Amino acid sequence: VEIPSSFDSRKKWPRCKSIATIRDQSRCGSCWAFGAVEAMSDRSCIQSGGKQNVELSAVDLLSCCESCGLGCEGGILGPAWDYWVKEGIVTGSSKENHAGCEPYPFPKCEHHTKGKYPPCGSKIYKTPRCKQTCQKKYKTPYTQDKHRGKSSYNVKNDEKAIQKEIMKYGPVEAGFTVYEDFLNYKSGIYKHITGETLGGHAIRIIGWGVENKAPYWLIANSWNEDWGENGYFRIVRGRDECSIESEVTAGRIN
């Protein structure tokens, strides 16, 4: 396949409303579960030609996956996509939308940036319990609201392989190393210049582009719309910046 010089999943599949939705993980290390349910929502819609047009529940995966790690204390991508294949994930919107089977219990907060939400601060919530119960107004039983995948895989640590995966099958989840300067990001094309490691972050890659000859990935963060470029950031593409090309995971419904 010829790879275009830029690609935006939001523009290829505009009927799939999840693709342009920015979420907020709140005071919780649930990034691993947000990048997962976001990319699964997108891919469920894209691969079903818009038939499965849903917002999958971050709290269902976060609270119920026994193999994914430590809930609000952080997690692992492979087992999140295996959970989607094996048990599936119910629907559920943000806390403020309170739509679907299991909406997120935690409110929007600012992640080391200025804006109109309360600051996240340094304390995290306890991981919610696995309740397996749809909100009272939702009239599908929990187990009947499950959306499943067929396959999950790691994507090759190769720029062109990742571009082909995104443009054919949809946004992907990806891990990268967070250095302190990432917390100062306001706009433009991120690269690590200053600061020590703060650990790992999991995000959603939706496309790519080039500006002033600088190639980038276009990424949806889960820190609400006030963070970065209306909730998005760009990061140098092609040099495995912060290991962005080395921890890509996704999956298919068919």
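Heads up: residue numbers just count along the shown sequence, starting at 1.
> So which stretch wins on mean C-alpha B-factor, 134-142 or 157-165?
Taking the mean B-factor of the alpha carbons in each, 134-142 is higher.
> Could you settle it for me: does 125-133 or 178-186 have the higher average Cα B factor in the PDB entry?
It is 125-133.
> Going by the deposited entry, which of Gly49, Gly35, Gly207, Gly228 has the highest CA temperature factor?
Highest CA B-factor of the listed options: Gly49.
> So among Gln25, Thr21, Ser9, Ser243, who wins on Cα B-factor in the entry?
Top of the list by C-alpha B-factor: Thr21.
> For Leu56, does the deposited CA B-factor place it in the lowest, middle or highest third of the chain?
According to the entry, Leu56 has a C-alpha B-factor in the chain's middle third.
> Please say which third, lowest, middle or highest, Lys191 falls into when its CA temperature factor is compared across its chain.
Its C-alpha B-factor, which the entry lists for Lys191, ranks in the middle third among residues of this chain.
> Taking the entry's C-alpha B-factors for this chain, is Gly78 in the lowest, middle or highest third?
For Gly78, whose C-alpha B-factor we compare with every modelled residue in the chain, the answer is the highest third.
> For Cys101, return the chain-relative third of its C-alpha B-factor as stated in the PDB record: lowest, middle or highest.
Tercile = lowest for this residue's CA B-factor.
> Taking the entry's C-alpha B-factors for this chain, is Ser44 in the lowest, middle or highest third?
Within its chain, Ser44 is a middle-third residue by C-alpha B-factor, going by the deposited values.
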